[PDB]
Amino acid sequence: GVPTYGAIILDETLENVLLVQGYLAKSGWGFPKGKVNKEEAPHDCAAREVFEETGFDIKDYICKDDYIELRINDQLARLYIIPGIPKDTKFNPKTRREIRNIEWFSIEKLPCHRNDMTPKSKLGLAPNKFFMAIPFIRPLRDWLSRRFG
């Protein structure tokens, strides 16, 4: 699978994170990210995908060692951590053809797992609109505790 790169953008309080909402298969909320092009460096892919999806340029804010990386079904996803972005920043995707909406969410209110269906004696997980974000939430919380306190 082709690696994806993007960002976890936080506000000044460190309470809130910026998620984007796509369409169709990407219909829920997730961190802005996308597939690396041929010969493109990771930091440049992250800036491009984030700029294409939010209209915000992270290039001057990326720190090389500050990211969360996960391997999900043998595809690697790396999100650079970008704190301190004012909550009154105007975000606008390049085209509403890929991005429905862009919103701040409270980190403490986001789920860090989906719910089973043990109530119904049925296997699997209930749908959750944050399914794309969820795998990064606990590692983010842990990373913020270590790097800030």
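Don't overthink the numbering: it's just position in the shown sequence, from 1. For the two forms, the rigid core is made up of the largest set of C-alpha atoms that agree within 1.5 Å on superposition.
Chemist: Can you check whether 91-99 or 35-43 lies farther from the displayed model in 9 other deposited structures of this protein, averaging C-alpha distances as RMS after superposing on the core?
Modeler: Clearly, after the core fit, the stretch farther away in 9 other deposited structures of this protein is 91-99.
Chemist: Check the entry's C-alpha temperature factors for 56-64 and 36-44, then say which stretch has the higher mean.
Modeler: On average, C-alpha B-factors are higher across 36-44.
Chemist: Looking at the deposited entry, does 91-99 or 117-125 carry the larger mean Cα B-factor?
Modeler: Mean CA B-factor is higher for 117-125.
Chemist: What third of the chain, by the recorded C-alpha B-factor, contains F148?
Modeler: Its C-alpha B-factor, which the entry lists for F148, ranks in the highest third among residues of this chain.
Chemist: Quick check for you: using the entry's CA B-factors within this chain, is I72 in the lowest, middle or highest third?
Modeler: For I72, the deposited C-alpha B-factor lands in the highest third.
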